[PDB]
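Reviewing the structure listed below.
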Protein chains: 6
Amino acid sequence: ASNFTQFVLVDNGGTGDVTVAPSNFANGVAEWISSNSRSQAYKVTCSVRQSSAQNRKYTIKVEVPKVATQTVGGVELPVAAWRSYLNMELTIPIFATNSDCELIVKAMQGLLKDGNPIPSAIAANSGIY
Amino acid sequence: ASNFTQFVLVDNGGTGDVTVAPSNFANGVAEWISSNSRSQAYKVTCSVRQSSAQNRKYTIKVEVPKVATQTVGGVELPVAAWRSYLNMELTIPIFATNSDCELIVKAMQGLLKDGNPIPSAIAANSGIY
Amino acid sequence: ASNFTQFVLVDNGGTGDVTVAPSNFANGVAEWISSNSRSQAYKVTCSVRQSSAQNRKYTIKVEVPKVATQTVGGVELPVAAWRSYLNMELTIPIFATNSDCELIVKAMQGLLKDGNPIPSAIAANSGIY
Amino acid sequence: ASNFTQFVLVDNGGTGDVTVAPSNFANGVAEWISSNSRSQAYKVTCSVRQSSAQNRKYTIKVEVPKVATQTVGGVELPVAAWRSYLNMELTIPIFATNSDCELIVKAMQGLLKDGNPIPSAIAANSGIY
Amino acid sequence: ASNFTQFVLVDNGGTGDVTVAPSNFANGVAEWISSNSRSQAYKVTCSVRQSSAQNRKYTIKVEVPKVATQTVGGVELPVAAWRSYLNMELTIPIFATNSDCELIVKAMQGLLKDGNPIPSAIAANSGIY
Amino acid sequence: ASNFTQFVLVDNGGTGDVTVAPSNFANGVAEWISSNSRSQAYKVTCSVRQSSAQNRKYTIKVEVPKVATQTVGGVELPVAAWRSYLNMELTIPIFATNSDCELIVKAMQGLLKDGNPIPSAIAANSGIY
RNA sequence: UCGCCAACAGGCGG
RNA sequence: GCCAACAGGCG
RNA sequence: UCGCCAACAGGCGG
RNA sequence: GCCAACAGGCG
């Protein structure tokens with residue numbers, strides 16, 4: 001068994017799908033990267049640790065690049081015009097059972113489900129109103 | 001129009017659904033809370049701000065409580081045995097178009113989609129392996 | 001739900017009723033006003049916040065115009081001679097369930113029911129005796 | 001006449017009705033309490049004073065207790081788990097006629113009528129939106 | 001109802017129309033923006049406050065951008081060559097009835113009607129004479 | 001050209017129209033007023049200047065009389081209770097061509113078109129909600 | 001709260 | 001960068 | 001007399 | 001608690 005596999009980060013239909021694959025797992029930090037120029041790749045990292053006697057903390061990070069071609073001195077390189085950075089921390093007490101955790105996940109999925117406040121606001125360069 | 005409405009945070013079928021409703025929107029921080037004892041309620045907050053000249057930062061927070069009844073001196077109160085805390089920060093450059101933002105959202109949704117590494121690990125009190 | 005709708009503030013039996021409607025939502029503070037100049041309007045505002053660790057506090061304010069000998073749409077000075085202000089502050093411990101809160105509301109309705117001491121005193125420009 | 005009479009604070013349909021009765025008028029503060037131990041009683045107080053040279057102010061307070069039986073030192077005592085506090089102040093100009101005042105009373109009654117926004121939000125442990 | 005709706009800021013006859021939509025209400029400042037990158041968007045904001053004891057002030061702002069594509073560090077980014085800023089403040093006495101206010105709105109509309117002096121001068125890059 | 005001519009400020013459909021006419025040109029500042037006492041008149045002033053090296057600024061001011069319960073030709077005090085003031089400041093970068101300026105004007109007309117948020121709010125003595 | 005200026009919900013002088 | 005009782009605390 | 005907070009006819013800042 | 005070029009920086 002293994003959950004350190006490749007997965008679809010962005011489901012753009014069934015073609016423009018962005019897939020990330022395991023690239024490194026050093027010092028307790030799992031890292032996935034999309035194919036082609038690392039300079040223009042999507043990045044995802046995840047790590048867990050006992051933040052305290054009663055808490056376990058997950059630290060997840062995602063990088064979404066804006067693909068672009070930089071030309072300097074007639075020399076063009078594939079780069080990222082800029083990057084959007086997602087940084088989330090999830091703290092779960094050691095008393096949480098699997099059911100409790102399943103719930104926490106559902107909460108996260110609902111928070112970002114299509115149509116809900118937060119995702120709608122983000123997807124539209126907007127805030128809450 | 002308004003996106004500061006109530007929504008389903010947890011989709012437990014069509015019955016045990018956890019819904020959060022707008023409760024307060026002070027100092028640029030939108031806050032939703034589930035019904036009944038505030039002591040045992042789910043909490044969600046969201047806020048946006050220009051973190052820098054080129055970046056806009058979203059700060060989202062979710063609290064998942066473990067419902068329990070505390071009895072002290074024969075007096076019982078509805079409380080939360082403990083709480084799981086989710087804290088995420090999303091940084092998006094001002095050059096991002098709506099399409100760019102739609103993508104970012106998709107990335108977030110995919111990261112937590114059922115079956116993928118991160119959600120599976122969390123839902124099982126596990127890390128990456 | 002979605003409670004921010006217009007409602008009848010003063011019920012005079014269908015004819016001569018005073019309806020108050022949404023006029024503002026800045027800072028999460030809900031506001032309703034009658035179809036009058038701001039100086040002669042009926043105003044209602046409401047807001048909720050966690051006033052402390054154990055309490056939540058609702059702040060309700062109402063402004064009622066002096067109608068006897070009033071000149072509709074005119075300039076009436078001094079303002080203090082033509083207006084009554086009601087300030088309500090409801091503190092509810094975070095342990096209060098929905099049921100508990102229903103009771104609290106009832107208590108408030110009972111306090112002001114027609115024929116009871118308080119409303120009777122007020123309506124008669126008197127105190128208790 | 002005399003308006004210092006007992007009244008039903010909480011109408012539960014004849015059964016489980018909370019009634020408060022005159023209990024004190026010391027220092028010009030009219031007081032009513034439910035037929036309970038001073039520690040578990042519902043409390044209503046009211047007072048009027050000529051605040052300014054042209055204003056009269058009514059100060060009304062209501063205390064809704066959450067009855068419980070606590071065990072202190074191995075002995076059982078009737079107590080209140082917590083209390084909900086309603087504090088309201090009403091300022092009326094001396095130029096207000098009785099009709100002017102009836103208007104105020106009506107507005108307060110309408111403000112809390114079943115089905116209206118404010119009472120709905122309170123009873124639902126939520127804000128207005 | 002709810003007046004926080006999207007509207008057409010620039011009417012170009014159905015084709016090339018600039019529309020702005022609600023994007024934020026944080027800190028009591030209603031905001032609308034065009035479906036663009038935050039860097040090239042049209043922006044409209046509005047707020048009301050009780051300036052004096054007898055005045056209400058509306059503060060409206062509109063930003064008209066001159067879209068362009070700049071090359072920074074060999075990379076192309078969506079930017080605004082420059083922006084035109086409209087800042088307007090409207091102070092209305094609390095004694096103004098709704099009809100009084102409609103008068104104001106009409107005057108503002110007439111002030112900028114096609115063919116009238118002011119809009120003519122502005123559109124011609126000239127003064128009045 | 002020669003734009004300094006009279007025009008209809010408030011269009012009430014031919015009958016009851018408010019026309020404003022040239023009344024002063026001192027210091028290049030154009031002024032228009034309705035046929036009223038200066039205290040009850042409709043006033044409009046406009047002027048342009050190079051506010052900075054890159055910008056030109058138009059300053060438009062409008063004064064609208066409170067009409068409800070007004071006494072034509074009478075002395076109405078305090079002035080602040082009977083008048084509304086509109087101050088507009090339009091900043092236009094020196095690069096703006098005539099075409100650009102036409103667009104800016106359109107944006108201004110759209111902002112105040114009948115049925116849109118801003119004018120609707122103002123006309124109703126309300127804010128955004 | 002008045003006068004200015006701006007890169008525009010900000011800055012300077014009153 | 002970390003911690004938390006989580007719109008808060010320390011480097 | 002205005003803004004807060006409370007264990008609520010009391011406390012803090014104006 | 002914040003910022004970022006983001007498994008990093010300052011209180």
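Lettering and numbering for the structure tokens are positional, with chains as A, B, ... in the shown order, residues counted from 1 in each chain, and ligands counted from 1 in the shown order.
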Selection near stretch 56-71 of chain F, 7 Å with only C-alpha atoms (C1' of nucleotides), sequence-local residues under 6 positions removed, as a VMD selection string = (chain C and resid 73 to 74) or (chain E and resid 96 to 97 100 104) or (chain F and resid 40 to 50 82 to 94)
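The least-squares superposition of chain A onto chain F, using every Cα atom in order, ends with an RMSD of 3.4 Å.
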task = Would you mind writing down, as a list in words, each residue of stretch 37-125 of chain E that DSSP on the backbone assigns to helix (DSSP H, G or I)?
result =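 Everything in stretch 37-125 of chain E that counts as helix (DSSP H, G or I) is residues 98, 99, 100, 101, 102, 103, 104, 105, 106, 107, 108, 109, 110, 111, 117, 118, 119, 120, 121, 122 and 123 of chain E.
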Could you write out the selected residues, including N, CA, C and O atoms, as an mmCIF file, in the first residue's frame?
```cif
data_model
loop_
_atom_site.group_PDB
_atom_site.id
_atom_site.type_symbol
_atom_site.label_atom_id
_atom_site.label_comp_id
_atom_site.auth_asym_id
_atom_site.auth_seq_id
_atom_site.Cartn_x
_atom_site.Cartn_y
_atom_site.Cartn_z
ATOM 1 N N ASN E 98 -37.810 61.562 0.794
ATOM 2 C CA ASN E 98 -37.404 60.770 -0.359
ATOM 3 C C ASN E 98 -37.541 61.591 -1.631
ATOM 4 O O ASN E 98 -36.690 61.521 -2.519
ATOM 5 N N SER E 99 -38.610 62.374 -1.719
ATOM 6 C CA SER E 99 -38.817 63.205 -2.893
ATOM 7 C C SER E 99 -37.663 64.189 -2.991
ATOM 8 O O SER E 99 -37.156 64.453 -4.080
ATOM 9 N N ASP E 100 -37.246 64.722 -1.845
ATOM 10 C CA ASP E 100 -36.135 65.666 -1.801
ATOM 11 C C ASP E 100 -34.911 64.993 -2.422
ATOM 12 O O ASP E 100 -34.177 65.600 -3.205
ATOM 13 N N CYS E 101 -34.703 63.727 -2.071
ATOM 14 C CA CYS E 101 -33.563 62.973 -2.568
ATOM 15 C C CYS E 101 -33.664 62.629 -4.048
ATOM 16 O O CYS E 101 -32.652 62.624 -4.755
ATOM 17 N N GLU E 102 -34.873 62.336 -4.518
ATOM 18 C CA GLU E 102 -35.065 62.013 -5.929
ATOM 19 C C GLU E 102 -34.657 63.232 -6.745
ATOM 20 O O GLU E 102 -34.131 63.115 -7.852
ATOM 21 N N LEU E 103 -34.907 64.404 -6.176
ATOM 22 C CA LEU E 103 -34.561 65.665 -6.806
ATOM 23 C C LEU E 103 -33.057 65.699 -7.030
ATOM 24 O O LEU E 103 -32.581 66.061 -8.104
ATOM 25 N N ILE E 104 -32.316 65.321 -5.996
ATOM 26 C CA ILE E 104 -30.867 65.293 -6.065
ATOM 27 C C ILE E 104 -30.415 64.346 -7.167
ATOM 28 O O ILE E 104 -29.599 64.709 -8.014
ATOM 29 N N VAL E 105 -30.945 63.128 -7.153
ATOM 30 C CA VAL E 105 -30.578 62.144 -8.162
ATOM 31 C C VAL E 105 -30.856 62.676 -9.563
ATOM 32 O O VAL E 105 -30.030 62.534 -10.466
ATOM 33 N N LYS E 106 -32.018 63.293 -9.743
ATOM 34 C CA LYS E 106 -32.377 63.852 -11.037
ATOM 35 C C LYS E 106 -31.370 64.925 -11.451
ATOM 36 O O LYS E 106 -30.905 64.939 -12.588
ATOM 37 N N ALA E 107 -31.028 65.820 -10.531
ATOM 38 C CA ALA E 107 -30.072 66.881 -10.839
ATOM 39 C C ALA E 107 -28.731 66.309 -11.292
ATOM 40 O O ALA E 107 -28.127 66.806 -12.241
ATOM 41 N N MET E 108 -28.262 65.265 -10.617
ATOM 42 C CA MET E 108 -26.987 64.648 -10.980
ATOM 43 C C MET E 108 -27.078 64.035 -12.367
ATOM 44 O O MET E 108 -26.130 64.084 -13.151
ATOM 45 N N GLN E 109 -28.230 63.450 -12.666
ATOM 46 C CA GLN E 109 -28.444 62.831 -13.961
ATOM 47 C C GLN E 109 -28.447 63.896 -15.047
ATOM 48 O O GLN E 109 -27.822 63.726 -16.098
ATOM 49 N N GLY E 110 -29.144 64.997 -14.781
ATOM 50 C CA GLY E 110 -29.214 66.080 -15.743
ATOM 51 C C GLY E 110 -27.859 66.721 -15.956
ATOM 52 O O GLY E 110 -27.494 67.078 -17.073
ATOM 53 N N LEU E 111 -27.105 66.861 -14.876
ATOM 54 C CA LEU E 111 -25.784 67.459 -14.948
ATOM 55 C C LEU E 111 -24.905 66.770 -15.991
ATOM 56 O O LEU E 111 -24.171 67.432 -16.716
ATOM 57 N N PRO E 117 -23.429 71.150 -21.103
ATOM 58 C CA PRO E 117 -22.097 71.747 -20.950
ATOM 59 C C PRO E 117 -20.979 70.892 -20.355
ATOM 60 O O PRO E 117 -20.025 70.546 -21.053
ATOM 61 N N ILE E 118 -21.090 70.552 -19.075
ATOM 62 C CA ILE E 118 -20.053 69.775 -18.410
ATOM 63 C C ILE E 118 -19.612 68.498 -19.137
ATOM 64 O O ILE E 118 -18.424 68.328 -19.424
ATOM 65 N N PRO E 119 -20.541 67.576 -19.435
ATOM 66 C CA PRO E 119 -20.070 66.374 -20.137
ATOM 67 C C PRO E 119 -19.409 66.700 -21.484
ATOM 68 O O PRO E 119 -18.480 66.016 -21.912
ATOM 69 N N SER E 120 -19.885 67.753 -22.138
ATOM 70 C CA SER E 120 -19.338 68.170 -23.429
ATOM 71 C C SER E 120 -17.888 68.594 -23.290
ATOM 72 O O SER E 120 -17.028 68.157 -24.054
ATOM 73 N N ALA E 121 -17.626 69.453 -22.312
ATOM 74 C CA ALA E 121 -16.280 69.945 -22.066
ATOM 75 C C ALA E 121 -15.334 68.796 -21.746
ATOM 76 O O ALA E 121 -14.263 68.678 -22.338
ATOM 77 N N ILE E 122 -15.735 67.951 -20.804
ATOM 78 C CA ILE E 122 -14.918 66.817 -20.401
ATOM 79 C C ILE E 122 -14.553 65.968 -21.612
ATOM 80 O O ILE E 122 -13.382 65.685 -21.861
ATOM 81 N N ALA E 123 -15.562 65.571 -22.373
ATOM 82 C CA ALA E 123 -15.336 64.738 -23.546
ATOM 83 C C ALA E 123 -14.469 65.404 -24.603
ATOM 84 O O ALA E 123 -13.888 64.726 -25.445
#
```
task = From the DSSP assignment of the backbone, select every residue of stretch 28-87 of chain F that is strand (DSSP E or B), and format the answer as a PyMOL selection string.
result = chain F and resi 30-33+43-49+55-65+83-87
For the residues selected in the previous step, produce a file with N, CA and C atoms as a CSV table (one decimal), in the first residue's frame.
```
chain,number,residue,atom,x,y,z
F,30,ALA,N,-16.9,78.5,-14.0
F,30,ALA,CA,-18.2,78.7,-14.6
F,30,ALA,C,-19.3,78.4,-13.5
F,31,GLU,N,-20.3,79.3,-13.5
F,31,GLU,CA,-21.4,79.1,-12.6
F,31,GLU,C,-22.8,79.2,-13.2
F,32,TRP,N,-23.7,78.4,-12.8
F,32,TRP,CA,-25.1,78.4,-13.3
F,32,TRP,C,-26.0,78.3,-12.0
F,33,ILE,N,-27.1,79.0,-12.1
F,33,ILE,CA,-28.1,79.0,-11.0
F,33,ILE,C,-29.5,79.0,-11.5
F,43,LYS,N,-27.5,75.3,-7.7
F,43,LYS,CA,-26.2,75.9,-8.2
F,43,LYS,C,-25.3,74.9,-8.8
F,44,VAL,N,-24.6,75.2,-9.8
F,44,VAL,CA,-23.6,74.3,-10.5
F,44,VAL,C,-22.4,75.1,-10.8
F,45,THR,N,-21.2,74.7,-10.5
F,45,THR,CA,-20.0,75.3,-10.8
F,45,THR,C,-19.0,74.3,-11.4
F,46,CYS,N,-18.2,74.7,-12.3
F,46,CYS,CA,-17.2,73.8,-12.9
F,46,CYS,C,-15.9,74.5,-13.2
F,47,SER,N,-14.8,73.8,-13.1
F,47,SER,CA,-13.5,74.4,-13.4
F,47,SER,C,-12.5,73.3,-13.7
F,48,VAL,N,-11.5,73.6,-14.5
F,48,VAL,CA,-10.5,72.6,-14.8
F,48,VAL,C,-9.1,73.2,-14.6
F,49,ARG,N,-8.2,72.3,-14.2
F,49,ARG,CA,-6.8,72.8,-13.9
F,49,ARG,C,-5.9,71.6,-14.0
F,55,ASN,N,-1.6,64.8,-14.4
F,55,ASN,CA,-3.0,64.8,-14.3
F,55,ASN,C,-3.6,66.2,-14.5
F,56,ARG,N,-4.9,66.2,-14.9
F,56,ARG,CA,-5.7,67.3,-15.1
F,56,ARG,C,-6.9,67.0,-14.2
F,57,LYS,N,-7.5,68.0,-13.6
F,57,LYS,CA,-8.6,67.7,-12.7
F,57,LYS,C,-9.8,68.7,-12.9
F,58,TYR,N,-11.0,68.1,-13.0
F,58,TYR,CA,-12.2,68.8,-13.2
F,58,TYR,C,-12.8,68.8,-11.8
F,59,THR,N,-13.3,70.0,-11.3
F,59,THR,CA,-14.0,70.1,-10.1
F,59,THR,C,-15.3,70.6,-10.3
F,60,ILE,N,-16.3,69.8,-10.1
F,60,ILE,CA,-17.7,70.1,-10.3
F,60,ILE,C,-18.4,70.1,-8.9
F,61,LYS,N,-19.2,71.2,-8.7
F,61,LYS,CA,-20.0,71.3,-7.5
F,61,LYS,C,-21.4,71.6,-7.8
F,62,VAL,N,-22.3,71.0,-7.0
F,62,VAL,CA,-23.7,71.2,-7.2
F,62,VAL,C,-24.4,71.4,-5.9
F,63,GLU,N,-25.4,72.3,-5.9
F,63,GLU,CA,-26.1,72.6,-4.7
F,63,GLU,C,-27.6,72.4,-5.0
F,64,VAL,N,-28.2,71.5,-4.2
F,64,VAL,CA,-29.6,71.2,-4.5
F,64,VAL,C,-30.4,71.7,-3.2
F,65,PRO,N,-31.5,72.4,-3.4
F,65,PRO,CA,-32.4,72.9,-2.3
F,65,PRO,C,-33.3,71.8,-1.8
F,83,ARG,N,-30.1,72.4,2.5
F,83,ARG,CA,-29.4,72.2,1.3
F,83,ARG,C,-28.5,70.9,1.3
F,84,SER,N,-28.4,70.4,0.1
F,84,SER,CA,-27.5,69.2,-0.2
F,84,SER,C,-26.4,69.7,-1.1
F,85,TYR,N,-25.2,69.2,-0.8
F,85,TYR,CA,-24.0,69.6,-1.5
F,85,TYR,C,-23.3,68.4,-2.2
F,86,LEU,N,-23.1,68.5,-3.5
F,86,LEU,CA,-22.4,67.5,-4.2
F,86,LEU,C,-21.1,68.0,-4.7
F,87,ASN,N,-20.0,67.3,-4.4
F,87,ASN,CA,-18.7,67.7,-4.8
F,87,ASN,C,-18.0,66.6,-5.6
```
request  = Write out as a list in words the residues lying within 10 Å of residue B:34, counting only C-alpha atoms (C1' of nucleotides) and excluding same-chain residues fewer than 4 positions away.
outcome  =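 Here the answer would be residues 6, 7, 8, 9, 18, 19, 20, 21, 22, 23, 38, 40, 41, 42, 43 and 44 of chain B; 124, 125 and 126 of chain D.
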Output N, CA, C and O atoms for every residue in that selection, as a short mmCIF file (atom, residue, chain, number, x, y, z; two decimals), in the first residue's frame.
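Here's the written file out29.cif:
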```cif
data_model
loop_
_atom_site.label_atom_id
_atom_site.label_comp_id
_atom_site.auth_asym_id
_atom_site.auth_seq_id
_atom_site.Cartn_x
_atom_site.Cartn_y
_atom_site.Cartn_z
N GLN B 6 -26.12 31.53 4.17
CA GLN B 6 -25.89 30.29 4.89
C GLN B 6 -25.60 29.19 3.88
O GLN B 6 -26.09 29.22 2.75
N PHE B 7 -24.79 28.22 4.28
CA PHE B 7 -24.47 27.12 3.39
C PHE B 7 -24.18 25.85 4.17
O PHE B 7 -23.98 25.88 5.38
N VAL B 8 -24.19 24.73 3.45
CA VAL B 8 -23.93 23.43 4.04
C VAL B 8 -22.43 23.21 4.14
O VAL B 8 -21.74 23.09 3.12
N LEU B 9 -21.93 23.16 5.36
CA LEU B 9 -20.51 22.95 5.59
C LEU B 9 -20.20 21.46 5.53
O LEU B 9 -19.16 21.06 5.00
N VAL B 18 -24.67 19.61 8.35
CA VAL B 18 -24.27 20.71 9.21
C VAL B 18 -24.28 21.98 8.35
O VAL B 18 -23.56 22.09 7.36
N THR B 19 -25.14 22.91 8.74
CA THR B 19 -25.29 24.17 8.04
C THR B 19 -24.77 25.31 8.90
O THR B 19 -24.98 25.33 10.11
N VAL B 20 -24.07 26.25 8.28
CA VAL B 20 -23.58 27.40 9.03
C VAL B 20 -24.29 28.63 8.47
O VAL B 20 -24.55 28.70 7.27
N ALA B 21 -24.61 29.56 9.34
CA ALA B 21 -25.30 30.77 8.90
C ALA B 21 -24.54 32.02 9.30
O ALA B 21 -23.82 32.04 10.30
N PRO B 22 -24.66 33.08 8.49
CA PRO B 22 -23.97 34.34 8.78
C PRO B 22 -24.29 34.75 10.21
O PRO B 22 -25.43 34.65 10.66
N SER B 23 -23.28 35.19 10.94
CA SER B 23 -23.50 35.59 12.32
C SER B 23 -22.96 36.98 12.57
O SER B 23 -23.53 37.76 13.33
N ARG B 38 -23.71 27.90 21.04
CA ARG B 38 -22.52 28.47 20.41
C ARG B 38 -21.33 27.64 20.88
O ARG B 38 -20.37 27.41 20.14
N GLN B 40 -21.04 24.58 21.20
CA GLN B 40 -20.85 23.36 20.41
C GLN B 40 -20.98 23.62 18.91
O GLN B 40 -21.11 22.67 18.13
N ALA B 41 -20.93 24.88 18.51
CA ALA B 41 -21.11 25.22 17.11
C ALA B 41 -19.88 25.11 16.22
O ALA B 41 -18.74 25.15 16.69
N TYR B 42 -20.14 24.96 14.92
CA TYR B 42 -19.08 24.91 13.93
C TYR B 42 -18.84 26.37 13.61
O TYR B 42 -19.78 27.17 13.65
N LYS B 43 -17.61 26.73 13.30
CA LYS B 43 -17.32 28.12 13.00
C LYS B 43 -16.48 28.26 11.74
O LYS B 43 -15.55 27.50 11.51
N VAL B 44 -16.83 29.25 10.93
CA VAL B 44 -16.11 29.52 9.70
C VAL B 44 -15.93 31.02 9.56
O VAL B 44 -16.89 31.77 9.73
N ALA D 124 -32.86 31.52 16.80
CA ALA D 124 -32.10 30.58 15.98
C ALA D 124 -30.61 30.63 16.23
O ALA D 124 -29.84 30.00 15.52
N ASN D 125 -30.20 31.38 17.24
CA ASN D 125 -28.78 31.48 17.55
C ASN D 125 -28.03 31.96 16.32
O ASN D 125 -26.99 31.42 15.97
N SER D 126 -28.56 32.98 15.66
CA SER D 126 -27.90 33.49 14.46
C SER D 126 -28.04 35.00 14.33
O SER D 126 -28.72 35.64 15.13
#
```
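Residues from chain G found within 12 Å of chain F are residues 4, 5, 6, 7 and 8 of chain G, counting only C-alpha atoms (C1' of nucleotides).
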Could you give me, as JSON lines, a per-residue list for chain H showing, wherever an atom lies at most 12 Å from an atom of chain A, the closest pair of atoms and their distance in Å to one decimal, using only C-alpha atoms (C1' of nucleotides) and sorting by chain then residue number from low to high?
```
{"residue": "H:2", "atom": "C1'", "partner": "A:51", "partner_atom": "CA", "distance": 9.4}
{"residue": "H:3", "atom": "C1'", "partner": "A:51", "partner_atom": "CA", "distance": 7.7}
{"residue": "H:4", "atom": "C1'", "partner": "A:52", "partner_atom": "CA", "distance": 9.4}
{"residue": "H:6", "atom": "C1'", "partner": "A:91", "partner_atom": "CA", "distance": 10.1}
```
Write out, as JSON lines, each residue of chain C that has an atom at most 12 Å from chain A, together with the closest pair of atoms and their distance in Å to one decimal, counting only C-alpha atoms, rows going by chain and rising number.
```
{"residue": "C:25", "atom": "CA", "partner": "A:129", "partner_atom": "CA", "distance": 9.5}
{"residue": "C:26", "atom": "CA", "partner": "A:129", "partner_atom": "CA", "distance": 9.5}
{"residue": "C:27", "atom": "CA", "partner": "A:129", "partner_atom": "CA", "distance": 10.1}
{"residue": "C:28", "atom": "CA", "partner": "A:129", "partner_atom": "CA", "distance": 9.6}
```
